[PDB]
**Student:** 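Have a look at this one.
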Amino acid sequence: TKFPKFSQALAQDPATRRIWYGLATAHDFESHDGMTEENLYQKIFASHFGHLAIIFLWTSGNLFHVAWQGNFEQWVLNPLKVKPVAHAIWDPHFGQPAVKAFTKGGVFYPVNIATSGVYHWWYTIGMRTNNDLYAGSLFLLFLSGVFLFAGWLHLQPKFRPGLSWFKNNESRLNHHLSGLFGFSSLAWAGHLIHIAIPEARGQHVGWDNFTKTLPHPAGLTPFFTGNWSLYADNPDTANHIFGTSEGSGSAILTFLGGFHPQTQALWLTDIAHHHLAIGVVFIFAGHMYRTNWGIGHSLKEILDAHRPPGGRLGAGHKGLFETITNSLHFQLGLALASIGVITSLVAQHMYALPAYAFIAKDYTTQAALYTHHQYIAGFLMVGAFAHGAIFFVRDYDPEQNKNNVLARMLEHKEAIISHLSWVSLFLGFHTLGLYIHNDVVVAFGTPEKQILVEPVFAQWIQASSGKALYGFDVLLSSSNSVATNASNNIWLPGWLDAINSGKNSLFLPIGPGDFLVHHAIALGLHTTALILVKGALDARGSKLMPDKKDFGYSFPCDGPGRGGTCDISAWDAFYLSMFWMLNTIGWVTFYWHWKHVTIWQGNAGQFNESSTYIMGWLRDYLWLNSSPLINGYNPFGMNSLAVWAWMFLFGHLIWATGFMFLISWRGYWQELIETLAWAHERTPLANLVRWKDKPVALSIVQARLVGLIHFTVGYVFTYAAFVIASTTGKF
Amino acid sequence: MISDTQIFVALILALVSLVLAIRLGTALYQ
Amino acid sequence: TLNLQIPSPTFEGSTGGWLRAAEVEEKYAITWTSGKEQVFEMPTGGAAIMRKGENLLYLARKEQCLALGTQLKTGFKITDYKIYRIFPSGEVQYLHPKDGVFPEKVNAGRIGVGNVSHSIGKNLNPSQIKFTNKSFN
Amino acid sequence: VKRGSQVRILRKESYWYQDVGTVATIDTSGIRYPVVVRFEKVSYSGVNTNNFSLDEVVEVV
Amino acid sequence: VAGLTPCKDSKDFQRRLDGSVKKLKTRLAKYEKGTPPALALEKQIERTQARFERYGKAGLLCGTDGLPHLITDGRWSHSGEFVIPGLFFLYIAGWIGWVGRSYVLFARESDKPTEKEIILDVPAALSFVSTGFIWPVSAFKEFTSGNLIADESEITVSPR
Amino acid sequence: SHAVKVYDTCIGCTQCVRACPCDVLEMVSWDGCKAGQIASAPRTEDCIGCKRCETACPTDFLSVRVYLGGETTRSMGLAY
Amino acid sequence: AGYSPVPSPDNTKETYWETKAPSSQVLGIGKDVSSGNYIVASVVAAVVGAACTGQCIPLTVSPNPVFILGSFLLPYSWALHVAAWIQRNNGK
Amino acid sequence: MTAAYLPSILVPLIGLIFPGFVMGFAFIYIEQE
Amino acid sequence: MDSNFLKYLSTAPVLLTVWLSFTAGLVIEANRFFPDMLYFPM
Ligand code: CLA
Ligand code: CLA
Ligand code: CLA
Ligand code: CLA
Ligand code: CLA
Ligand code: CLA
Ligand SMILES: CC1=CCCC(C)(C)[C@H]1/C=C/C(C)=C/C=C/C(C)=C/C=C/C=C(C)/C=C/C=C(C)/C=C/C1=C(C)CCCC1(C)C
Ligand SMILES: CC1=CCCC(C)(C)[C@H]1/C=C/C(C)=C/C=C/C(C)=C/C=C/C=C(C)/C=C/C=C(C)/C=C/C1=C(C)CCCC1(C)C
């Protein structure tokens with residue numbers, strides 16, 4: 001056969017395993033037949049071009065559908081009253097009741113209401129008409145085309161890059177810091193000053209107007225005179241109606257701090273100043289490394305030079321330059337870990353400090369965004385650790401890493417793993433024990449016997465930032481502090497106004513329930529890290545299979561000898577962490593959603609009192625809030641939430657289906673499929689047809705993967721339904 | 001508000017991008 | 001060589017026997033001499049009666065043939081069992097007692113295949129055999 | 001090393017690496033792994049004996 | 001006082017006490033006086049009142065929920081909430097671990113260590129249980145004499 | 001097919017050969033072990049990958065290793 | 001072992017050290033500067049940076065560009081004194 | 001011919017025709033010597 | 001008493017059950033005479 005053209009070992013398989021494994025190994029270029037390093041890098045380059053094109057097409061489709069089937073123009077008038085519609089529904093399975101139930105957007109056809117916040121995002125950017133969105137979609141289609149053409153072109157013989165080019169670290173770092181990050185954020189500041197702020201003040205400025213419209217009455221004279229403070233004079237009044245000229249100012253760069261009163265989002269002038277500042281900082285940072293001139297550093301020199309003379313790190317960072325440059329898996333792990341941290345940061349900061357107008361009052365949108373980015377964060381972290389393990393299996397050279405930090409990590413992996421295990425057990429034992437103690441006492445009717453620990457440390461941090469709710473008087477809660485006096489005339493007025501009003505999510509008040517759920521989160525993070533770190537460090541070998549690097553990253557097992565060696569691979573560690581990552585992100589999002597739901601209804605006391613025992617979560621969060629969702633459709637009718645109820649049950653179904661692949665293993669199914677093949681061959685009128693691929697059971701690793709995928713899809717879809725439907729049915 | 005001519009221009013750009021995507025897919029499959 | 005005229009152990013039939021893959025790809029056979037008419041267990045399932053004299057049996061897999069041979073050797077005391085593989089072309093080949101003596105005891109003439117000149121700890125690393133044709137040995 | 005002596009194992013792949021066993025016999029015929037070491041701790045496979053070379057064992061004090 | 005109010009002077013705590021006592025009294029109203037159920041419910045009421053009074057006088061702080069909250073930061077005014085209790089734990093746990101380790105070594109130097117670990121030598125086990133009362137100085141003595149920490153070259157480890 | 005390999009650690013116990021449900025391992029002559037015999041894997045195309053040979057191996061780290069590779073009808077043990 | 005050679009910038013030297021101090025090639029353009037020069041530079045930079053920072057601690061809406069520039073000498077003084085120690089133990 | 005007809009013209013295509021043709025062609029490709 | 005019976009009583013599960021029953025009794029009696037101790041009294 002020639003389906004897995006990249007593997008004859010699969011092309012010669014006489015079973016369906018060939019098809020399955022050709023699917024699942026299509027992108028492991030390194031393992032493909034006759035794969036050279038130049039071909040590997042060039043294929044990755046072209047694939048990156050294709051991926052960028054796909055992203056551009058996806059965003060273009062979003063814009064096009066909001067422009068065509070959307071209510072953006074009638075949403076920019078009363079954004080706090082009109083629900084934003086994502087796209088129209090055309091399903092030939094809908095009944096008249098369903099069509100009517102989904103015509104909620106005042107559009108006269110069934111629609112979906114967007115939960116992505118693109119409406120608020122674009123309105124803040126400066127989009128006002130549907131023609132603006134359509135032009136954006138046209139440009140993004142053009143950009144997808146350009147990047148597809150670039151990907152095709154750079155696979156041509158005279159345009160294929162070389163490895164001396166792919167491994168050029170200094171020039172790529174300089175260009176990515178200076179141009180991709182720095183000048184890109186500078187251009188975003190330019191957009192925010194030339195379009196977004198005038199649009200937020202009711203002055204339309206576009207391609208036909210931006211070359212004659214001054215972003216500031218003084219023009220660029222304050223810039224080219226050193227009188228930069230003239231760009232902060234006359235900010236927008238507190239009575240500014242976003243999108244209109246009533247209450248607007250003339251400042252383009254400010255550091256007011258806090259939130260705009262009407263929009264309850266950060267000041268656009270503050271955002272513009274932020275982007276300009278980080279742009280110049282990144283431009284400076286992108287001039288650090290040596291390129292075709294004499295100025296700059298060399299990362300190899302720095303890494304080799306950094307060795308503490310005490311010798312507590314050994315050879316320090318010698319050889320890491322070659323290790324990282326020659327291992328794409330090391331780079332992949334670093335990038336994935338950093339992007340995961342940054343997307344968790346995006347979730348956290350985007351709720352505590354909303355940047356888009358009126359997004360804070362879109363409760364379902366905020367919850368959906370937070371859950372989305374937290375789940376993405378967890379996936380990225382799991383992937384980073386998985387690719388670290390893959391690097392250890394494939395790209396690690398001990399002789400090159402003779403007694404540097406990496407070899408030392410491997411040296412004391414036992415200490416690392418054992419202490420990680422101890423801290424996991426510590427956290428788990430005691431957090432679960434406190435929860436059970438509270439459960440039992442409250443059950444016996446003695447809630448006064450609960451162990452409720454005030455999160456005084458986090459409360460102290462809040463007070464240091466300027467929260468006066470808790471009486472600490474530390475740094476910014478103190479009016480006579482040097483920290484207060486230093487920033488009293490820049491941002492502290494607005495920042496204090498934001499922190500000390502209970503109308504926002506900035507530094508929400510916390511209590512013993514928050515303490516307990518935080519330590520549950522600590523347990524989850526530590527146990528996921530335990531599984532992943534153990535997998536990575538034992539990937540090359542353990543005492544059970546001391547030659548694991550020979551077998552690779554994702555082999556099924558080593559047989560029933562030596563006591564049994566099920567799940568003895570680093571892939572299995574990934575497979576096992578993914579359960580735990582899902583658990584932990586579930587805990588995180590449960591906490592976020594319940595706290596915010598209680599605050600939104602104003603009964604924060606419900607969380608403060610029921611968060612201390614697990615029955616409180618099971619009753620006052622899940623059972624209580626599932627009512628509208630499970631009533632999406634019922635014997636007495638249906639509403640728009642029927643889709644979310646159906647998807648809730650869908651997630652339950654696929655979750656339980658994954659249980660099948662995770663509990664039932666291969667031999668049973670193989671001995672059953674044998675009987676099935678016998679029956680087919682022996683049945684008249686159906687033995688006229690024969691399989692071209694011998695029907696076999698699924699492999700061990702394949703079954704683990706399929707069960708994990710079903711489990712994950714059920715997890716995600718069940719919670720997505722619950723969160724969106726409950727938020728939309730409660731508010 | 002979005003006219004059929006506009007939707008048609010969008011479709012033409014989509015078709016061009018599809019052609020380029022097929023080209024890139026071929027070049028990658030090699 | 002294999003004589004296709006040897007009688008069979010008067011089996012009563014089963015649904016565990018060979019299938020179309022035996023007629024298309026490979027069909028294994030086992031021949032053995034028995035001193036009396038005993039009852040043995042088919043590797044496919046069920047009981048069969050072996051004859052006094054030579055008995056020929058057809059199976060779909062070499063593992064089935066060798067399991068039957070092990071049963072004969074341990075349960076009974078028959079050790080003259082020979083295993084053959086037959087292709088649709090009529091290319092009957094000889095497999096077990098490959099050299100006429102069972103593999104469990106050394107015999108002069110064999111050549112070592114797959115033997116390595118160190119312990120498993122001396123295997124190279126995939127990083128050392130990456131983008132090269134070297135072998136981890 | 002001689003018979004009835006405590007020797008620490010230096011083979012990385014070994015279940016008893018950096019662990020002490022008792023030498024039961026040393027074969028002078030010239031085989032690859034002459035020394036035979038007994039251990040009190042059983043391995044995962046259930047064997048408490050192994051054959052080692054003279055360079056993979058160090059006498060303890 | 002830290003961020004909360006003393007529980008001895010909180011309307012929420014008083015309301016919780018009142019609710020508990022009223023529940024018990026409603027349960028009691030349906031039982032004859034002097035019967036075992038009446039006596040049991042009366043004792044429950046007395047225990048509830050004593051618990052609430054003792055919590056009030058203990059100096060515990062109570063939040064808006066009306067329940068005592070613990071200040072586990074190190075403040076000496078609230079040591080009895082986490083630190084002294086935790087010192088008692090650490091004492092008992094070090095005792096248990098020290099005596100268990102001593103017994104492991106004692107069984108190690110025996111004819112049949114596995115037999116000693118499944119069928120115990122309870123005279124020696126009780127000996128070690130007794131020894132466990134000065135485990136801190138004993139454990140530090142072991143550490144400094146070098147009998148606690150094993151060398152890196154004498155502990156088995158997997159290949160890299 | 002699966003790749004079965006033997007190393008110098010072989011002691012000639014022959015239990016790997018006797019444990020194989022197929023006939024993939026055979027004893028050959030050697031001078032590196034007292035028994036004078038070493039395991040060899042001539043018929044590796046009949047290997048199924050059960051690792052019974054690996055189980056029946058008394059040497060610290062196994063003298064016989066089965067590296068599961070490409071799958072065929074015989075490797076997959078498909079009677080159909 | 002088949003990995004392509006890693007390209008490094010021009011004039012890339014070996015800076016790895018197990019001596020008491022790095023080789024003074026770590027200091028690049030300032031490799032030939034004297035240890036006394038580094039000491040005086042570090043002291044002057046520390047004083048000037050601290051002064052220019054104090055002149056800007058209660059930041060106004062119109063801070064002085066020269067004070068902003070000079071405040072970056074306090075971080076600079078740290079590297080200067082590290083270089084001073086490196087250059088004292090390398091013979092200079 | 002207005003844009004309102006495009007959903008009814010396309011959804012059956014993208015959801016029954018494109019998948020059917022893709023599945024048939026991929027079947028022919030995967031099972032092919 | 002029979003030494004074999006005493007060894008049986010010295011077996012691990014018997015000792016674990018007896019010791020943990022004794023500890024449970026200790027905790028139960030401590031809570032029976034000094035109940036509702038959420039804190040060390042200071
Ligand atoms: C951008 C980042 C990135 C990149 C470039 C790579 C690249 C690679 N990864 Mg991956 N990886 C990533 C992120 C990334 N990974 C993340 C975030 C994780 C954590 C989840 C992993 C975890 C991971 C593992 C554990 C492994 C790889 C492997 C690989 C290599 C082979 C890919 C392969 O087999 O394709 C797979 C091809 C597919 C088509 C994927 C099929 C399954 C996906 C998940 C779809 C399931 C969803 C389903 C269709 C949705 C249904 C919807 C419902 C409504 C019906 C390749 C070098 C493998 C490798 O070669 O390692 C040596 C490997 O073992 N990666
Ligand atoms: C996403 C794409 C999609 C689309 C566009 C449709 C469309 C349709 N489905 Mg649905 N369906 C889908 C996915 C889809 N389905 C999936 C994924 C499933 C699996 C759960 C089902 C399961 C399903 C069932 C069980 C039934 C439908 C039915 C229907 C019909 C709606 C009700 C009606 O009154 O029509 C009915 C009126 C008609 C006049 C039908 C005419 C249909 C013509 C002949 C179609 C032309 C077929 C074409 C020539 C085949 C090309 C093959 C090629 C790709 C290889 C309609 C044809 C109902 C039906 O009646 O289907 C026949 C029905 O009973 N569907
Ligand atoms: C609710 C289910 C559950 C529970 C309780 C645990 C518990 C544990 N898992 Mg996890 N795990 C789970 C589901 C669960 N797992 C699932 C579904 C998977 C996917 C396969 C995994 C996969 C997994 C892996 C891969 C790993 C863990 C680890 C751990 C430990 C984490 C540290 C900890 O919390 O220690 C605290 C301990 C507990 C919370 C359990 C104690 C239970 C009770 C309260 C103790 C008292 C017992 C009582 C006296 C018995 C009386 C009954 C008797 C009479 C019969 C711990 C043993 C890690 C580990 O072992 O690290 C050390 C680890 O590596 N788990
Ligand atoms: C909800 C979870 C779940 C599901 C769906 C199944 C499903 C199944 N199990 Mg079970 N199983 C489960 C959990 C589950 N299991 C768990 C947790 C375990 C571990 C203990 C097992 C262990 C196990 C064993 C050991 C065995 C089974 C068997 C079966 C089969 C029963 C008969 C059958 O085929 O019914 C068919 C019906 C369904 C699968 C229900 C869903 C199908 C819906 C109604 C139709 C949807 C089709 C749709 C149109 C497709 C469109 C695709 C596309 C257009 C979108 C079936 C495949 C037995 C078997 O296979 O015997 C025949 C068997 O031997 N299971
Ligand atoms: C009624 C309350 C209560 C209960 C039921 C438990 C129950 C438990 N605790 Mg304890 N604990 C409590 C209160 C309680 N704790 C309090 C108030 C504190 C704060 C001081 C702690 C602090 C604590 C720690 C620090 C640890 C536990 C651990 C445990 C678990 C195992 C203990 C063990 O095996 O001991 C038998 C004793 C041993 C096996 C010997 C070794 C372990 C002990 C604890 C060492 C003690 C001495 C050592 C020098 C202390 C250094 C601590 C430092 C590194 C922080 C067990 C579930 C252990 C755990 O979860 O491990 C995963 C553990 O390490 N607890
Ligand atoms: C990737 C973004 C994206 C997504 C997810 C969707 C989704 C949808 N579009 Mg489409 N659409 C898009 C971009 C997108 N569109 C763009 C850019 C245009 C302008 C040319 C259109 C124009 C358009 C029209 C005119 C209509 C839809 C309709 C629909 C719906 C049914 C599918 C259909 O008929 O497609 C048909 C799509 C086309 C004929 C052209 C666009 C195809 C895009 C560019 C494909 C991009 C593929 C992606 C980048 C990579 C695939 C990944 C791979 C793993 C599968 C559905 C909600 C129909 C509907 O019923 O809406 C309610 C409908 O009438 N779309
Ligand atoms: C700046 C500031 C503001 C407010 C006050 C505050 C005190 C917070 C102060 C300081 C903040 C600081 C110091 C924040 C610290 C954050 C840090 C250190 C975050 C780091 C997170 C680390 C992560 C994920 C690591 C993940 C690691 C992974 C995958 C490793 C994978 C790997 C493996 C397993 C094998 C080798 C290869 C590779 C890729 C390395
Ligand atoms: C509208 C109009 C006006 C007047 C004249 C005209 C006849 C043209 C008439 C009709 C126009 C028609 C019928 C247009 C049709 C539009 C069509 C077919 C649009 C579809 C566009 C599809 C697109 C982008 C798909 C993008 C897919 C991508 C990147 C896939 C990425 C990739 C994947 C998934 C695998 C690896 C390779 C690669 C390329 C990286």
Side-chain angles (χ1 to χ4, degrees), chain A residues 26-27 43 46-58 60-61 90-95 140-141 144-145 147-148 151-152 417-433 435-436 519-520 522-524 526-535 567 572-583 614 659 662-663 704 707-708 711, chain B residues 4-29, chain H residues 1 3 6-25 27, chain I residues 16-17 20 24:
Chain A
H27 297 174
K43 276 179 71 162
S47 300
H48 292 186
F49 275 111
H51 176 260
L52 293 168
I54 279 163
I55 285 173
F56 295 149
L57 282 162
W58 157 73
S60 184
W90 193 88
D91 191 349
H93 303 91
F94 273 37
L140 289 156
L141 267 160
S144 85
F147 274 73
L148 293 165
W152 170 89
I417 294 159
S418 64
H419 285 74
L420 199 31
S421 163
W422 167 81
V423 69
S424 312
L425 293 162
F426 193 34
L427 280 158
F429 280 144
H430 293 88
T431 312
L432 174 65
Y435 263 108
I436 297 166
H519 284 85
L523 164 70
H526 275 93
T527 320
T528 317
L530 168 55
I531 301 156
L532 284 164
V533 168
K534 190 206 144 291
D567 292 356
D572 287 308
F574 148 78
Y575 152 90
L576 286 172
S577 70
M578 274 282 297
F579 287 96
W580 255 104
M581 168 271 310
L582 285 177
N583 182 45
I614 292 161
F659 275 46
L662 303 165
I663 307 171
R704 291 191 199 118
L708 176 71
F711 190 100
Chain B
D4 312 342
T5 313
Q6 286 182 293
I7 281 176
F8 298 165
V9 173
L11 284 166
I12 285 147
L13 292 190
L15 188 64
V16 173
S17 183
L18 171 68
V19 168
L20 294 171
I22 290 164
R23 292 193 96 192
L24 172 53
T26 279
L28 270 163
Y29 193 68
Chain H
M1 179 56 214
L6 285 177
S8 68
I9 289 168
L10 295 179
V11 174
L13 295 175
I14 308 306
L16 301 167
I17 304 293
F18 167 77
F21 271 83
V22 166
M23 264 147 51
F25 287 1
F27 169 84
Chain I
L16 186 70
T17 291
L20 290 179

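Both ligands and their constituent atoms are indexed starting at 1 by order of listing. Every heavy atom of this structure was used, including side-chain atoms; hydrogens, water molecules and symmetry mates were not. First the proteins, then the strands, lettered A, B, ... as listed; each starts at 1.
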**Student:** Looking at atom 15 (N) of ligand 3, would you say a protein heavy atom lies below 4.0 Å from it?
**Tutor:** no
**Student:** As a test of the contact definition, would atom 37 (C) of ligand 3 count as having a protein heavy-atom neighbour under 4.0 Å?
**Tutor:**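 When distances to the protein are checked, atom 37 (C) of ligand 3 has a heavy atom within 4.0 Å.
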**Student:** Measuring to protein heavy atoms, does anything land under 4.0 Å from atom 32 (C) of ligand 3?
**Tutor:** yes
**Student:** So between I531(A), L530(A), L582(A), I436(A), whose heavy atom ends up nearest atom 59 (C) of ligand 3?
**Tutor:**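 Among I531(A), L530(A), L582(A), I436(A), the closest heavy atom to atom 59 (C) of ligand 3 comes from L530(A).
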**Student:** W580(A) to ligand 3: N or O pair under 3.5 Å?
**Tutor:** yes
**Student:** Nearest protein heavy atom to atom 47 (C) of ligand 2: under 4.0 Å?
**Tutor:**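 Protein heavy atom within 4.0 Å of atom 47 (C) of ligand 2: absent.
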**Student:** What is the nearest protein non-hydrogen atom to atom 23 (C) of ligand 8, stated with its residue, atom name and distance?
**Tutor:**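 Heavy-atom neighbour on the protein nearest atom 23 (C) of ligand 8: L18(B) CB, 3.9 Å.
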**Student:** Taking non-hydrogen atoms only, is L28(B) closer than 4.0 angstrom to ligand 8 via side chain, backbone, both or neither?
**Tutor:**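 Contact part for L28(B) vs ligand 8: neither.
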**Student:** Identify, for atom 19 (C) of ligand 8, the protein heavy atom at the shortest distance, and state residue, atom and that distance.
**Tutor:** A14(B) CB, 3.8 Å
**Student:** Give the residue and atom name of whichever protein heavy atom lies nearest to atom 12 (C) of ligand 8, and the separation in Å to one decimal.
**Tutor:**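 Its nearest protein heavy-atom neighbour is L15(B) CD2, 4.6 Å.
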**Student:** Among all the protein's heavy atoms, is there at least one whose distance to atom 42 (C) of ligand 3 comes out below 4.0 Å?
**Tutor:**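 Flag for atom 42 (C) of ligand 3 set to false, no protein heavy atom closer than 4.0 Å.
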**Student:** Of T528(A), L432(A), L425(A), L420(A), which has the heavy atom at the shortest distance from atom 39 (C) of ligand 3?
**Tutor:** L432(A)
**Student:** How far is atom 45 (C) of ligand 3 from its nearest protein heavy atom, and which residue and atom is that?
**Tutor:** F429(A) CE2, 4.8 Å
**Student:** Could you identify the single nearest non-hydrogen protein atom to atom 18 (C) of ligand 3 and state the distance to 0.1 Å?
**Tutor:**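 The answer is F579(A) CB, 4.7 Å.
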**Student:** Please check atom 33 (C) of ligand 8 for a protein heavy-atom neighbour under 4.0 Å.
**Tutor:** no
**Student:** Less than 4.0 Å between atom 57 (C) of ligand 3 and some protein heavy atom, yes or no?
**Tutor:** no
**Student:** Counting only non-hydrogen atoms of the protein, does one fall under 4.0 Å from atom 10 (Mg) of ligand 2?
**Tutor:** yes
**Student:** How many angstroms lie between CZ in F429(A) and CG in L523(A), if you round to the nearest 0.5 Å?
**Tutor:**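 Result: 11.0 Å between the selected atoms.
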**Student:** Measuring from atom 16 (C) of ligand 8, which candidate in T5(B), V16(B), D4(B), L11(B) has the nearest non-hydrogen atom?
**Tutor:** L11(B)
**Student:** Take atom 7 (C) of ligand 8 and look for protein heavy atoms under 4.0 Å from it; say yes if you find one, no if not.
**Tutor:** no
**Student:** Protein heavy atoms near atom 29 (C) of ligand 8, is at least one of them under 4.0 angstrom away?
**Tutor:**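 Within 4.0 Å of atom 29 (C) of ligand 8, protein heavy atoms are found.
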**Student:** Ignoring hydrogens, tell whether any protein atom lies closer than 4.0 Å to atom 26 (C) of ligand 2; use the non-hydrogen atoms only.
**Tutor:**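 Neighbour list for atom 26 (C) of ligand 2 is empty of protein heavy atoms (cut-off 4.0 Å).
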**Student:** Just to confirm my output: which protein heavy-atom neighbour is closest to atom 26 (C) of ligand 8, and how far is it?
**Tutor:** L57(A) CD1, 3.7 Å
**Student:** Atom 4 (C) of ligand 8: which protein heavy atom is closest, and how many Å away?
**Tutor:** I12(B) CD1, 4.2 Å
**Student:** Should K534(A) and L576(A) count as side-chain neighbours, where that means a heavy-atom distance under 4.5 Å?
**Tutor:** no
**Student:** Give the ring-plane orientation class for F711(A) versus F579(A), where under 30° counts as parallel, over 60° as perpendicular and anything between as tilted.
**Tutor:**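 Perpendicular.
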**Student:** Check each heavy atom of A21(B) against ligand 8 and say whether those closer than 4.0 Å belong to the side chain, the backbone, both or neither.
**Tutor:**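 Both backbone and side chain of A21(B) come within 4.0 Å of ligand 8.
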**Student:** Quick test: of every protein heavy atom, which one is nearest to atom 37 (C) of ligand 8, and how far off is it to 0.1 Å?
**Tutor:**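 Closest protein heavy atom to atom 37 (C) of ligand 8: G25(B) CA, 3.8 Å.
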**Student:** Looking only at heavy atoms, is any part of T527(A) under 4.0 Å from ligand 3, and if so is it the side chain, the backbone, or both, or is it neither?
**Tutor:** side chain
**Student:** Near atom 10 (Mg) of ligand 2, which protein N/O/S atoms are found at less than 2.8 Å?
**Tutor:** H93(A) NE2
**Student:** At what distance is the nearest protein heavy atom to atom 40 (C) of ligand 8, and which residue and atom is it?
**Tutor:** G50(A) CA, 3.9 Å
**Student:** Of the backbone atoms (N, CA, C, O) and the side-chain heavy atoms from C-beta on, which set of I54(A) has a member under 4.0 Å from an atom of ligand 8: side chain, backbone, both, or neither?
**Tutor:** side chain
**Student:** Tell me whether atom 3 (C) of ligand 2 lies less than 4.0 Å from at least one protein heavy-atom position.
**Tutor:**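 Under the 4.0 Å cut-off, atom 3 (C) of ligand 2 does have protein heavy-atom neighbours.
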**Student:** At less than 4.0 angstrom from any non-hydrogen atom of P12(H), what atoms of ligand 2 do you find?
**Tutor:**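 Those qualifying, in numeric order: 5 (C).
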**Student:** Please classify the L523(A) to ligand 3 contact at 4.0 Å (heavy-atom distances, strictly less than): side chain, backbone, both or neither.
**Tutor:**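 Under 4.0 Å from ligand 3, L523(A) contributes side-chain atoms alone.
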**Student:** Please confirm whether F426(A) approaches ligand 3 to less than 4.0 Å, judged on its heavy atoms.
**Tutor:**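 The answer is no, since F426(A) has no heavy atom less than 4.0 Å from ligand 3.
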**Student:** In the complex you have, is atom 62 (C) of ligand 3 within reach of the protein, judged by whether a heavy-atom distance drops under 4.0 Å?
**Tutor:**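 Given the 4.0 Å limit, the answer for atom 62 (C) of ligand 3 is yes, a protein heavy atom qualifies.
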**Student:** With under 30° as parallel and over 60° as perpendicular, where do the rings of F426(A) and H430(A) fit, or are they tilted in between?
**Tutor:** perpendicular
